[PDB]
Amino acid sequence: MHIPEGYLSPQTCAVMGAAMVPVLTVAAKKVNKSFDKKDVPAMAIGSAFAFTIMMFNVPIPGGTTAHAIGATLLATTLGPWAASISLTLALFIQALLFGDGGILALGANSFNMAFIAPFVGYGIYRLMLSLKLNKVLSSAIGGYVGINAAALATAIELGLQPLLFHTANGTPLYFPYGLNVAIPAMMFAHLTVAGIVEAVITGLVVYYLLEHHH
């Protein structure tokens, strides 16, 4: 779902960046209060894992790309605040060193994949636990819903571009396809393929973590 440079207007990039700053600020404060130094390697490993998983992606006509993220996996293991930091680090490295996701689009991409995905997934996870579903199942379902919520946010940010930013002749200045195109394209991919991969990876890793070794 990473939005490349030039897909969102500078105004949209600025708004999303402004939304993500308070999120990361709170995250830093929360982590500083609850984490000690010996928990840092877990955040780093989580960040490297998400980074790696996202590198396996396919193009979506009418959208951007589809791939798993590991957002709910990180939220359930590290907590959602630490997850937002680990996930943002991964996106930062992708944008700056690999050209994957635009640099000015970092606010938008982190808002989607490092805030919406882990927090929605975590919330759904907690909901499923309260219904007495086991942690493996609860995390997988949370993973599915979280990544789809992030895909929906991505599609909405994209689809608003031709509506909000066009020439006097009606030509889109940035992403050229509206909500009618972006939503079905991004959601079809994430509801059927990317979401299932996300759910399976999440449940698999949670299962083995809980089993402690095997």
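So that there is no doubt, residue numbering starts at 1 and follows the sequence shown.
- Two stretches are in play, 49-57 and 32-40, and the higher mean C-alpha B-factor belongs to 32-40.
- Higher mean CA B-factor, judged across 124-132 and 137-145 from the recorded values: 124-132.
- When the modelled residues of the chain are ordered by C-alpha B-factor, residue 62 sits in the middle third.
- Residue 159: CA B factor in the lowest third of modelled residues in this chain (values from the PDB entry).
- Among the modelled residues of its chain, residue 99 has a C-alpha B-factor that falls in the highest third, as given in the PDB entry.
- When the modelled residues of the chain are ordered by their C-alpha B factor, residue 178 lands in the lowest third.
- Residue 185: CA B factor lies in the middle third for its chain, per the PDB record.
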